[PDB]
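Asker: Got a structure for you, written out below as structure tokens; questions coming shortly.
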Number of protein chains: 2
Amino acid sequence: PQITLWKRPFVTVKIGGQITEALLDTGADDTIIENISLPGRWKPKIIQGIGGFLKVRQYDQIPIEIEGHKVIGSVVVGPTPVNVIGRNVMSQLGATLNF
Amino acid sequence: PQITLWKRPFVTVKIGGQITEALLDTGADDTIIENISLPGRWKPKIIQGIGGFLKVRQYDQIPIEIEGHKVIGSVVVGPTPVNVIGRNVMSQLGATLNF
């Protein structure tokens, strides 16, 4: 789709057999989604949380569907004020900024 | 232009007769630029900072040129880890996310 920027650019996300929503955030390198369970092996990852560093999980090679478009990418599972789709997954979508 | 998302989407910004760069950040409502002087009137603005509420300046009706495109918009002048072009100004440029 074409997403205008007149409001926060939230998108429907299907991941881990669940439907949620997340913000398309070109200011974020990584994708972070809270309160979803993902299968298999993860790697430790540090994010800045409320208070200090939080130790959370990074899952690789995860199928994600964003507004109906299927990609595979890395997802951080951890506390976040809002779910965020970062540039890692947007680049897998072939997403571009245009003006 | 068309900007891909494999790397941080920085753009050249001409504002207050100065040249700087800033990050196109669809996760940010407001545009915030450090260490520029803007002419005339601003309205006092409070933002969350490290340690404080930070008292910064909101300037309205500021000419800004981004990758050579000329718009008018609102700019917050205040401390920021990276200069950010938010959705307010991206909406003035007519920027869209596309995939």
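Following the order of the structure tokens, chains are lettered A, B, ..., residues in each are numbered from 1, and ligands are numbered from 1.
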Determine which residues of chain B sit within 12 Å of chain A, taking into account only C-alpha atoms, and present them as a PyMOL selection string.
Answerer: chain B and resi 1-11+22-30+50+66-71+82-99
Asker: Residues within 6 Å of range 32-36 of chain B, please, as a list in words. Count only C-alpha atoms; anything in the same chain fewer than 4 positions from it doesn't count.
Answerer: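 Selected residues are residues 75, 76, 77, 78, 79, 83 and 84 of chain B.
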Asker: Pairing every Cα of chain A with chain B in order, what RMSD remains after the least-squares superposition?
Answerer: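 Result of the CA superposition: 0.4 Å.
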Asker: Considering only strand (DSSP E or B) as DSSP defines it on the backbone, what residues of range 23-96 of chain B qualify? List them as a PyMOL selection string.
Answerer: chain B and resi 23-24+32-33+43-48+53-66+69-77+84-85+96
Asker: With N, CA, C and O atoms retained, could you export that selection as a compact mmCIF listing (two decimals), in the first residue's frame?
Answerer:
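Full text of part_28.txt as output:
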```txt
# COMPACT_ATOMS: atom_id res chain seq x y z
N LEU B 23 17.22 12.85 10.50
CA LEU B 23 16.70 11.51 10.26
C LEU B 23 15.21 11.62 9.94
O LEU B 23 14.48 12.29 10.71
N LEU B 24 14.78 11.09 8.80
CA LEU B 24 13.32 10.94 8.51
C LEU B 24 12.72 9.89 9.44
O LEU B 24 13.09 8.71 9.36
N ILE B 32 12.56 18.02 15.45
CA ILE B 32 13.41 18.63 16.50
C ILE B 32 14.82 18.72 15.96
O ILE B 32 15.34 17.72 15.49
N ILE B 33 15.40 19.91 16.05
CA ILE B 33 16.75 20.24 15.52
C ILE B 33 17.52 20.94 16.64
O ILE B 33 16.97 21.88 17.22
N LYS B 43 6.94 29.58 20.62
CA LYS B 43 6.11 29.36 21.83
C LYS B 43 6.82 28.36 22.73
O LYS B 43 7.38 27.37 22.24
N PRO B 44 6.95 28.66 24.04
CA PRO B 44 7.60 27.76 24.98
C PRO B 44 6.94 26.39 24.86
O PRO B 44 5.79 26.35 24.76
N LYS B 45 7.72 25.32 24.86
CA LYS B 45 7.22 23.93 24.82
C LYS B 45 8.00 23.11 25.86
O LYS B 45 9.23 23.34 26.01
N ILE B 46 7.30 22.22 26.55
CA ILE B 46 7.85 21.21 27.51
C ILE B 46 7.91 19.87 26.78
O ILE B 46 6.88 19.48 26.23
N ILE B 47 9.07 19.22 26.77
CA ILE B 47 9.24 17.82 26.28
C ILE B 47 9.88 16.99 27.40
O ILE B 47 10.56 17.59 28.27
N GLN B 48 9.65 15.68 27.42
CA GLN B 48 10.38 14.77 28.35
C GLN B 48 11.83 14.71 27.88
O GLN B 48 12.06 14.53 26.66
N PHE B 53 11.64 17.36 32.78
CA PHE B 53 10.90 18.10 31.73
C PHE B 53 11.92 19.08 31.13
O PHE B 53 12.52 19.82 31.94
N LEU B 54 12.16 19.06 29.81
CA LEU B 54 13.04 20.03 29.11
C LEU B 54 12.19 21.16 28.52
O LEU B 54 11.24 20.84 27.79
N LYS B 55 12.55 22.42 28.79
CA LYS B 55 11.88 23.62 28.23
C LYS B 55 12.58 24.00 26.92
O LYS B 55 13.74 24.42 26.96
N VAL B 56 11.90 23.82 25.78
CA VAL B 56 12.47 24.01 24.42
C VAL B 56 11.58 25.02 23.68
O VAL B 56 10.62 25.56 24.28
N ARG B 57 11.90 25.31 22.43
CA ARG B 57 11.22 26.36 21.65
C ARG B 57 10.50 25.70 20.48
O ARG B 57 11.17 24.97 19.75
N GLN B 58 9.23 26.03 20.28
CA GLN B 58 8.48 25.63 19.07
C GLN B 58 8.34 26.85 18.17
O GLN B 58 7.70 27.84 18.58
N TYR B 59 8.90 26.77 16.99
CA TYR B 59 8.80 27.81 15.96
C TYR B 59 7.81 27.34 14.91
O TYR B 59 7.99 26.23 14.41
N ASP B 60 6.84 28.18 14.56
CA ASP B 60 5.84 27.86 13.52
C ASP B 60 6.16 28.63 12.24
O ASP B 60 6.90 29.65 12.27
N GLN B 61 5.66 28.14 11.11
CA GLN B 61 5.77 28.84 9.79
C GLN B 61 7.23 29.10 9.42
O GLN B 61 7.57 30.20 8.93
N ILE B 62 8.07 28.09 9.61
CA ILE B 62 9.52 28.14 9.31
C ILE B 62 9.71 27.55 7.94
O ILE B 62 9.30 26.40 7.72
N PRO B 63 10.36 28.26 7.00
CA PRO B 63 10.79 27.66 5.75
C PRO B 63 11.88 26.62 6.04
O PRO B 63 12.84 26.88 6.78
N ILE B 64 11.69 25.44 5.46
CA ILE B 64 12.67 24.34 5.58
C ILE B 64 12.84 23.80 4.17
O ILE B 64 11.82 23.66 3.48
N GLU B 65 14.07 23.45 3.81
CA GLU B 65 14.33 22.80 2.52
C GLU B 65 14.96 21.44 2.79
O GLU B 65 16.00 21.36 3.48
N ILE B 66 14.31 20.38 2.34
CA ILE B 66 14.77 19.00 2.59
C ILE B 66 15.04 18.35 1.24
O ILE B 66 14.10 18.30 0.44
N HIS B 69 13.70 20.17 -1.52
CA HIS B 69 12.24 20.49 -1.56
C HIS B 69 11.92 21.53 -0.48
O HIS B 69 12.24 21.27 0.69
N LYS B 70 11.20 22.60 -0.84
CA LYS B 70 10.93 23.74 0.07
C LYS B 70 9.54 23.61 0.66
O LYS B 70 8.56 23.58 -0.10
N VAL B 71 9.46 23.55 1.98
CA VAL B 71 8.17 23.53 2.71
C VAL B 71 8.20 24.58 3.80
O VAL B 71 9.26 25.18 4.03
N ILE B 72 7.05 24.77 4.39
CA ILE B 72 6.85 25.60 5.61
C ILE B 72 6.30 24.69 6.70
O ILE B 72 5.30 23.99 6.48
N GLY B 73 6.94 24.69 7.88
CA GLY B 73 6.38 23.91 8.97
C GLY B 73 6.90 24.33 10.31
O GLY B 73 7.59 25.41 10.41
N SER B 74 6.49 23.58 11.31
CA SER B 74 6.82 23.81 12.74
C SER B 74 8.05 22.99 13.12
O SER B 74 8.15 21.77 12.78
N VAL B 75 8.96 23.64 13.83
CA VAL B 75 10.26 23.06 14.20
C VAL B 75 10.45 23.32 15.68
O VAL B 75 10.37 24.51 16.10
N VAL B 76 10.73 22.27 16.43
CA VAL B 76 11.20 22.37 17.84
C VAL B 76 12.73 22.54 17.82
O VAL B 76 13.43 21.78 17.14
N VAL B 77 13.23 23.56 18.53
CA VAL B 77 14.70 23.76 18.73
C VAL B 77 15.00 23.37 20.16
O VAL B 77 14.44 23.95 21.11
N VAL B 84 15.77 15.25 13.95
CA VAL B 84 14.67 14.37 13.50
C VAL B 84 13.71 15.20 12.68
O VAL B 84 13.30 16.25 13.17
N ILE B 85 13.38 14.73 11.49
CA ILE B 85 12.22 15.23 10.74
C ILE B 85 11.03 14.33 11.05
O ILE B 85 11.12 13.13 10.67
N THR B 96 5.38 9.71 1.51
CA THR B 96 4.58 8.50 1.72
C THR B 96 5.57 7.35 1.96
O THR B 96 6.69 7.39 1.43
```
